[PDB]
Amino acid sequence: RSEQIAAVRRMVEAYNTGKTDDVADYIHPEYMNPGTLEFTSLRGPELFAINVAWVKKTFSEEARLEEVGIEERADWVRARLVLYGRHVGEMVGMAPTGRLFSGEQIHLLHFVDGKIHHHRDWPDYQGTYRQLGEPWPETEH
């Protein structure tokens, strides 16, 4: 049994259920995901929770993250996942298309003090953009 992989699976489950009441259990106070720096200055459990909320709002309550595979090496965990969603919310200046999409993701997680301390994630931006009909942005904001 890996506590690290268990913790990462709790993180995946949060995106699925949208339930983040217990996020402080597994998200470090100093948690950072550099991928959302454009959108927020938050850190820690608050940052992770708001990103979950963003996924649920932009990609619908039916948005799911399926596990392909998870592995670990020392204090790091790598997760191979697949996002399923429907584009119901505005995203980087693009109006909702209402279109279904699915895309692989890779997530890289560093543990510090038994908690997720750094989180990088790579969506399949181009593949998702294609499935969304390659919308033109209506603004840069």
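The numbering used is simple: start at 1 and walk along the sequence shown.
Look at the C-alpha B-factors of 125-133 and of 12-20. On average they run higher in 12-20.
Looking at the C-alpha B-factors along this chain, the one for residue 75 belongs to the middle third. Among the modelled residues of its chain, residue 35 has a C-alpha B-factor that falls in the middle third according to the deposited record. Ranked against the other modelled residues of its chain, the C-alpha B-factor of residue 94 as given in the entry falls in the highest third. Among the modelled residues of its chain, residue 45 has a C-alpha B-factor that falls in the middle third, as given in the PDB entry. Among the modelled residues of its chain, residue 56 has a C-alpha B-factor that falls in the highest third, as given in the PDB entry.
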